[PDB]
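Below you'll find the structure, written out as structure tokens, and then a few comments.
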Number of protein chains: 2
Amino acid sequence: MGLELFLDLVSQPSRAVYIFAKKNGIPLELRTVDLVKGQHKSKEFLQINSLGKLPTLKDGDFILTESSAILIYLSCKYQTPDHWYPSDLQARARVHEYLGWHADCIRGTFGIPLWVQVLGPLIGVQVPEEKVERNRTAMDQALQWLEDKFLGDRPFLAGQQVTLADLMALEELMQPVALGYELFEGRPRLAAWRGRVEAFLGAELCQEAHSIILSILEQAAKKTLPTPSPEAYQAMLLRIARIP
Amino acid sequence: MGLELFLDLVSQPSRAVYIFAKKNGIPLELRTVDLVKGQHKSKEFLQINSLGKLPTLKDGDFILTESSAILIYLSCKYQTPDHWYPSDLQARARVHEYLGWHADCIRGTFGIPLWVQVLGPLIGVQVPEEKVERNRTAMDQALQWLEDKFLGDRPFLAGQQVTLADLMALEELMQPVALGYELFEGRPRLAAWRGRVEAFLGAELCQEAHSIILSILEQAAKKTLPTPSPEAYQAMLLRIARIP
Ligand SMILES: N[C@@H](CCC(=O)N[C@@H](CS)C(=O)NCC(=O)O)C(=O)O
Ligand SMILES: N[C@@H](CCC(=O)N[C@@H](CS)C(=O)NCC(=O)O)C(=O)O
């Protein structure tokens with residue numbers, strides 16, 4: 001089986017998967033890949049995943065990418081609790097729906113702050129104020145939608161109990177926070193849903209799942225951060241180039 | 001049951017779903033919503049889907065959005081052929097993985113041309129060349145990935161037979177084409193994959209699923225296009241504002 005999971009705990013979709021696996025207690029070989037360094041671009045890694053993206057899971061000689069795909073697969077193969085990924089048609093539909101919306105309106109919008117504050121200047125590139133602002137108004141714009149649409153009255157985005165949907169959302173949301181953005185400030189619903197999940201995941205897990213990222217802003221200050229490889233240097237420029 | 005599907009055949013995720021339902025022959029009440037007009041923003045529609053996005057399906061009093069979520073749900077509830085959404089763990093994982101990647105690298109990048117050429121100017125807004133270019137190089141950049149990563153040797157992105165993965169990709173791909181972008185030009189693998197799918201879907205269905213969009217560029221020239229409502233006008237501004 002081997003079952004290895006290549007990931008960097010800085011990447012949020014990496015934490016989401018790492019957390020699910022850990023909490024459900026699934027044997028996994030944690031394969032660290034310094035993203036900031038450019039290891040996911042190493043010839044060796046590309047031999048594992050041509051896309052050079054994290055996280056990617058290798059079960060046997062079957063390599064799979066995409067936290068969602070991974071998360072689901074994992075959940076299935078290991079028959080983890082159903083509340084996680086309900087077999088109920090209506091219930092699972094609600095999960096998928098959020099994941100879809102998540103990829104459209106959450107992923108890629110809530111990761112920008114790290115670029116603006118860390119990765120961006122790491123290679124000398126400074127993000128234009130316009131986008132920096134445009135980004136944040138975009139964020140809360142989406143935080144609200146998330147709040148009264150998915151969260152609404154219920155306790156979770158996908159329904160009545162913690163679900164993959166939550167693990168993704170919060171992990172993705174925690175990034176800006178780790179940079180000093182308190183998106184929960186004036187959103188009791190959010191704060192409460194967050195506090196809820198954190199509650200269900202246990203301080204220990206979360207306390208370690210995060211660690212890396214809440215420290216990063218510092219290694220940034222103190223220049224502990226590694227110099228990106230040219231292959232990562234290029235990927236970085238691309239991503240920054242697409243921040244609207 | 002009622003089972004109604006609100007959609008505009010201009011939106012690609014709308015076609016994808018409309019096609020699947022049609023091809024699998026699933027009773028559905030086609031509920032047209034002039035996107036360009038701004039009907040998906042009509043107080044009435046919002047009573048149906050707060051997000052004001054298309055397509056959305058209403059089965060009973062259970063309203064669900066997101067083509068993927070929809071597609072899957074539909075496929076399940078109506079026990080349509082398995083090749084579509086394989087129950088095989090490894091096989092379904094491959095689907096999900098593409099859908100994930102699709103939402104990241106396909107959706108939102110291949111729809112831009114219509115904005116640049118149609119919707120943009122429709123409201124007086126002209127898209128900057130930079131982005132117009134940046135966009136296309138981004139497109140083929142992704143078309144390639146798609147080509148040698150998902151399509152690779154095999155006949156389909158998700159595996160050996162047509163799958164939701166394909167229905168999404170091609171429907172999303174067809175847009176730029178409909179505007180005059182032949183993304184299949186120097187990509188036999190693609191063209192061939194396309195030709196294959198088109199083959200499996202039957203000229204009739206596809207000939208009607210498209211119609212609307214291949215004519216649009218003209219109603220644009222001839223000014224047949226409706227004046228967007230201010231609620232659509234604002235939506236449009238936002239989207240255009242996020243074209244990097
Ligand atoms: N949709 C994928 C996206 C993965 C992704 O983009 N990961 C980042 C780390 S935060 C990465 O590997 N970036 C480098 C690259 O893709 O070139 C998922 O959520 O699993
Ligand atoms: N991720 C969703 C996106 C749906 C979407 O953005 N649809 C467009 C039509 S092409 C729309 O409704 N735009 C108006 C808006 O969202 O304000 C899906 O693919 O189902």
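Think of each number as a place in line: the chain as shown, counted from 1.
The way this entry was determined, per its header, is X-ray crystallography, 3.2 Å.
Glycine too: its Cβ is placed from the backbone N, Cα and C atoms.
Annotation source Swiss-Prot lists glutathione binding site at B:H40, B:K41, B:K53, B:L54, B:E66, B:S67, B:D104, B:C105, B:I106, B:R107, citing experimental evidence. The annotation domain 'GST N-terminal' is assigned in Swiss-Prot to B:2-82. What Swiss-Prot lists as domain 'GST C-terminal' is B:88-224.
Within the set of binding-site residues B:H40, B:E66, B:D104, B:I106, B:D104 have a CB atom less than 6 Å from some atom of ligand 1. Checked against ligand 2, the binding-site residues B:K53, B:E66, B:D104, B:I106 give B:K53, B:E66 as the ones with a Cβ under 6 Å from it, listed in sequence order. The binding-site residues examined here are B:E66, B:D104; by Cβ neighbour count within 10 Å, the least packed of them is B:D104. For B:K53 (glutathione binding site), applying a Cβ distance below 8 Å and a minimum sequence separation of six or more within one chain yields B:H40, B:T65. In this structure the residues listed as binding glutathione are B:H40, B:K41, B:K53, B:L54, B:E66, B:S67, B:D104, B:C105, B:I106, B:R107; their two most distant Cα atoms lie 27 Å apart.
Listed binding-site residues: B:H40, B:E66, B:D104, B:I106. Those with a CB under 8 Å from a CB in chain A, in sequence order: B:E66, B:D104. Under the DSSP three-state reduction, B:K53 (glutathione binding site) is assigned to coil, being neither helix nor strand. Mapped onto three states, the DSSP output places B:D104 (glutathione binding site) in helix. Neighbour count (other Cβ atoms within 10 Å of the Cβ, all protein chains): 26 for B:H40 (glutathione binding site).
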